[PDB]
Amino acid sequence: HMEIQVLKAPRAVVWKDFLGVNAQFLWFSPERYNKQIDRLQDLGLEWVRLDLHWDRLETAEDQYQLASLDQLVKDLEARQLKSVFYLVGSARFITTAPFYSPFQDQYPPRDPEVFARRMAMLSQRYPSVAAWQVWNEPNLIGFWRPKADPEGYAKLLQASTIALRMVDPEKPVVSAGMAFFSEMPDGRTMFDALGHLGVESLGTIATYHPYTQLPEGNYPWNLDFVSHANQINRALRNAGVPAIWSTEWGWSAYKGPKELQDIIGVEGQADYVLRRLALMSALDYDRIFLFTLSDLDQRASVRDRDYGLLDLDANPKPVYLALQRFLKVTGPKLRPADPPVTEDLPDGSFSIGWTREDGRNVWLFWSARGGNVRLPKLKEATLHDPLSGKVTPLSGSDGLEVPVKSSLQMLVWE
């Protein structure tokens, strides 16, 4: 046997349009988040996704805390960023939580119309915001207690969608990012259940958060990320969604102790993010958002502190430097293409071809078992390792010898 996963994107990818980042700007001073934005702009990116928690913005009924958010929205416009905000959680006055429950905000609102009016208020207050997203991961108990409720979420989404379109009928409404591939504890998927409730008629953007242990799946013997993504993306297109985003994905560089995610460190983070980026940019997403722009302080859980492209001082981590090298090699826009002709590409390889703006071909490739591959048609090419920054001219009188790594490499050829 011999199995290779080849991907070819369905359309051209323009990184500025396609690749955004999650951010947690309200956690930081304007001085600090403006530095983060400097680093983001240096990558040639402009899309950001920010979280709003209702119980932090409205601390009692009609008592708001918006000074920081007001300033942030002005600063985001001043930096020419394109933003999507999601609102999640119940304010204390409207929550369905039992009086004694420790997780008051993790319950949905008693009245979806009250939530909807808040989203409308925010949208009218901040017309520069590019898109509004309704709740977050409702297929997870931590965001919708005491148990997943597709009917309940559909009613919330419908009410919010109506209110948001009253404010601006042309602005996109984004449904909640579903955790993983939208699976619920009962064995159903939220996307399927919402489909039966006719939610696709609302015309909201569909999004999910396909975190996996490895870039290409959860186990080395079951690398089925591409299979799952293709399956859910096809179903969503079939349902007639206006667009598909992935509003969260990524890995933490935390040193532990282990909580869900294996310890991989700053170098593992760089490796995994680049491989996953190579996969998702060749799948049928209209936009994706890396989680996340910056490391966070002790207000975040141990794992959640280290997903950043940047450390707490807003300085590059290895994943940033790797992504920066990667995007410099690709240039700003990639058009779908085929990989070069190969001889003895190793079993397990991933293989993705593109052409960049100057017409040169770009081949993205890796394999868990490493090894070597021969390219019989080529006499010269340039090999890039975005993790080390090593650049190697390759040459041959009648074909190239190319080393294969477990990490992504980029071959630029003609």
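Residue indices: 1-based, along the sequence shown.
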query: Higher-scoring stretch by recorded Cα B factor average, 313 to 321 or 80 to 88; finding: 313 to 321
query: Selected stretch [higher average CA B-factor]: 286 to 294 or 157 to 165; finding: 157 to 165
query: Candidate set 147, 335, 234, 276 [ranked by C-alpha B-factor, highest]; finding: 147
query: Which of 382, 355, 349, 65 ranks first by CA B-factor in the deposited coordinates; finding: 65
query: Third of chain Cα B-factors occupied by residue 363; finding: lowest
query: Residue 331 - which third its CA temperature factor falls in, relative to the rest of the chain; finding: middle
query: CA B-factor ranking of residue 96, expressed as a third of its chain; finding: highest
query: Modelled-residue ranking by C-alpha temperature factor, third containing residue 16; finding: lowest
query: For residue 238, the third of its chain into which the C-alpha B factor falls; finding: highest
